[PDB]
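Participant: Before I ask anything, let me first share the structure, which is written out below as structure tokens.
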Amino acid sequence: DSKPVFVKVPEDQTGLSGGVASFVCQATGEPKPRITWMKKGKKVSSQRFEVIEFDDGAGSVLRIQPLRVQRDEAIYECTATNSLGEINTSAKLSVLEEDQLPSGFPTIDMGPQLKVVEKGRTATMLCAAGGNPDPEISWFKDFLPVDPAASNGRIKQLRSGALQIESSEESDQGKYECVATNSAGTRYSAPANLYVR
């Protein structure tokens, strides 16, 4: 038995109105901890907010779409609890309009595209992003973070930013988004579908 400890901590984020923001929080414990979200001390409620669990509730994503500037700019808190202990961490969300978009805010130059792949074969979804400074890229599948490292080598994220999936299972099917992040803010690609066979 151990108290919860965070394995993924949500970072402060700056997003673009009409866009998407995801906060990810994950913890480990024994017993397995439960993740919970609050915006300003209140349980979250909207047509424009979704919470998606993973890791059997030990992982959680808060997804806001479309971002709306006055409403969504706030501090969001993740809490992880088990019988032994409670821990929390917070992150700030900022939403910019067009009018306020700094030069070098990331751009998706060529987003990923619909792809259909044979069961055996390998698929790579493409994100080519721009910005100053060069954005880091991450991927979400069906609203959830794709973690290449957890894959026992099957899935890799290339330096181009594309995602390479090999030995494609049926579990690979899903809508993939690429997020480009830099000091200016975060931008999502449109979703792209991967079907198997």
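Letters A, B, ... go to the chains of the structure tokens in the order shown; residues in each chain start at 1; ligands are counted from 1 in the same order.
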Any chance you could tabulate, as a Markdown table, the residues of stretch 104-132 of chain A at most 10 Å from stretch 149-171 of chain A with each one's nearest atom pair and distance in Å to one decimal, using only C-alpha atoms, in chain and rising number order?
Facilitator:
```
| residue | atom | partner | partner_atom | distance |
| --- | --- | --- | --- | --- |
| A:111 | CA | A:162 | CA | 9.6 |
| A:112 | CA | A:162 | CA | 8.3 |
| A:117 | CA | A:168 | CA | 7.8 |
| A:118 | CA | A:168 | CA | 7.6 |
| A:119 | CA | A:168 | CA | 5.4 |
| A:120 | CA | A:167 | CA | 5.5 |
| A:121 | CA | A:167 | CA | 5.8 |
| A:122 | CA | A:166 | CA | 4.0 |
| A:123 | CA | A:165 | CA | 5.0 |
| A:124 | CA | A:164 | CA | 4.2 |
| A:125 | CA | A:163 | CA | 5.2 |
| A:126 | CA | A:162 | CA | 4.3 |
| A:127 | CA | A:162 | CA | 5.1 |
| A:128 | CA | A:161 | CA | 6.4 |
| A:129 | CA | A:161 | CA | 8.0 |
```
Participant: Mind dumping the selected residues with N, CA, C and O atoms as a compact mmCIF listing (two decimals), in the first residue's frame?
Facilitator:
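So the final result, stored in result-v9.txt, reads:
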```
# COMPACT_ATOMS: atom_id res chain seq x y z
N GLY A 111 -1.61 18.41 -41.68
CA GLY A 111 -2.23 17.53 -40.71
C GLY A 111 -2.37 16.10 -41.15
O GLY A 111 -2.22 15.82 -42.29
N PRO A 112 -2.68 15.20 -40.23
CA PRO A 112 -2.82 13.81 -40.59
C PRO A 112 -4.06 13.55 -41.42
O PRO A 112 -5.01 14.32 -41.38
N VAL A 117 -5.45 0.64 -43.27
CA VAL A 117 -4.30 -0.22 -43.28
C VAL A 117 -4.68 -1.67 -43.05
O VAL A 117 -5.72 -1.96 -42.51
N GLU A 118 -3.84 -2.54 -43.59
CA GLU A 118 -3.99 -3.97 -43.54
C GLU A 118 -3.63 -4.36 -42.16
O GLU A 118 -2.89 -3.67 -41.53
N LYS A 119 -4.14 -5.47 -41.69
CA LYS A 119 -3.89 -5.85 -40.33
C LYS A 119 -2.43 -6.06 -40.10
O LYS A 119 -1.91 -5.74 -39.07
N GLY A 120 -1.74 -6.65 -41.02
CA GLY A 120 -0.35 -6.89 -40.74
C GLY A 120 0.44 -5.63 -40.62
O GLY A 120 1.27 -5.46 -39.76
N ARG A 121 0.15 -4.72 -41.51
CA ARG A 121 1.02 -3.66 -41.92
C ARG A 121 1.13 -2.52 -40.91
O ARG A 121 0.51 -2.53 -39.88
N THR A 122 1.94 -1.53 -41.25
CA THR A 122 2.27 -0.46 -40.35
C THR A 122 1.72 0.84 -40.88
O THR A 122 1.76 1.10 -42.06
N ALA A 123 1.21 1.66 -39.97
CA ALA A 123 0.60 2.91 -40.35
C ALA A 123 1.32 4.05 -39.71
O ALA A 123 1.74 3.96 -38.59
N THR A 124 1.47 5.13 -40.43
CA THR A 124 2.00 6.31 -39.83
C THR A 124 1.10 7.46 -40.16
O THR A 124 0.75 7.67 -41.29
N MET A 125 0.71 8.19 -39.12
CA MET A 125 -0.13 9.35 -39.22
C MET A 125 0.79 10.53 -39.13
O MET A 125 1.68 10.55 -38.33
N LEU A 126 0.56 11.51 -39.96
CA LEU A 126 1.48 12.58 -40.17
C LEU A 126 1.05 13.84 -39.50
O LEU A 126 -0.08 14.24 -39.61
N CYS A 127 1.96 14.47 -38.80
CA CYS A 127 1.75 15.82 -38.37
C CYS A 127 2.98 16.58 -38.76
O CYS A 127 4.02 16.25 -38.30
N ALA A 128 2.85 17.61 -39.57
CA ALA A 128 3.94 18.51 -39.77
C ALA A 128 3.49 19.85 -39.31
O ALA A 128 2.60 20.43 -39.90
N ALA A 129 4.11 20.35 -38.27
CA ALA A 129 3.69 21.57 -37.62
C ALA A 129 4.75 22.64 -37.74
O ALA A 129 5.89 22.38 -37.98
```
Participant: DSSP on the backbone, alpha helix (DSSP H) only: what residues of stretch 5-195 of chain A does that give? Format it as a list in words.
Facilitator: residues 69, 70, 71 and 72 of chain A
Participant: Next, write the just-selected residues to a file, as a tab-separated table (two decimals), in the first residue's frame, keeping N, CA and C atoms as the atom set.
Facilitator:
```
chain	number	residue	atom	x	y	z
A	69	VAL	N	-13.45	31.96	-24.60
A	69	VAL	CA	-12.51	32.73	-23.82
A	69	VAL	C	-12.96	33.15	-22.44
A	70	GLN	N	-14.04	33.87	-22.30
A	70	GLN	CA	-14.42	34.23	-20.96
A	70	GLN	C	-14.77	33.07	-20.06
A	71	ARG	N	-15.51	32.12	-20.57
A	71	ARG	CA	-15.89	31.02	-19.77
A	71	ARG	C	-14.80	30.08	-19.33
A	72	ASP	N	-13.89	29.76	-20.21
A	72	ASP	CA	-12.97	28.72	-19.90
A	72	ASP	C	-11.65	29.14	-19.24
```
Participant: For residue A:32, which of A:12, A:86, A:77, A:136 is the closest residue, counting only C-alpha atoms?
Facilitator: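 Checking each candidate against residue A:32, we get A:86 as the closest.
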Participant: Go through stretch 80-159 of chain A residue by residue and, counting only C-alpha atoms, keep those with an atom at most 8 Å from stretch 42-63 of chain A; for each kept residue give the shortest atom pair and its distance in Å to one decimal, ordered by chain and increasing number, as JSON lines.
Facilitator:
```
{"residue": "A:80", "atom": "CA", "partner": "A:58", "partner_atom": "CA", "distance": 7.8}
{"residue": "A:143", "atom": "CA", "partner": "A:52", "partner_atom": "CA", "distance": 7.4}
{"residue": "A:144", "atom": "CA", "partner": "A:61", "partner_atom": "CA", "distance": 6.9}
```
Participant: Of the residues A:137, A:64, A:25, A:78, which is the one nearest to residue A:108, using only C-alpha atoms?
Facilitator: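 Checking each candidate against residue A:108, we get A:137 as the closest.
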Participant: Pick from A:67, A:116, A:74, A:21: nearest to residue A:38, with only C-alpha atoms counted?
Facilitator: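 Using only C-alpha atoms, residue A:38 sits closest to A:74.
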Participant: Which value, in Å to one decimal, gives the distance between atom CA of residue A:39 and atom CA of residue A:89?
Facilitator: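 Between these atoms lies a distance of 11.9 Å.
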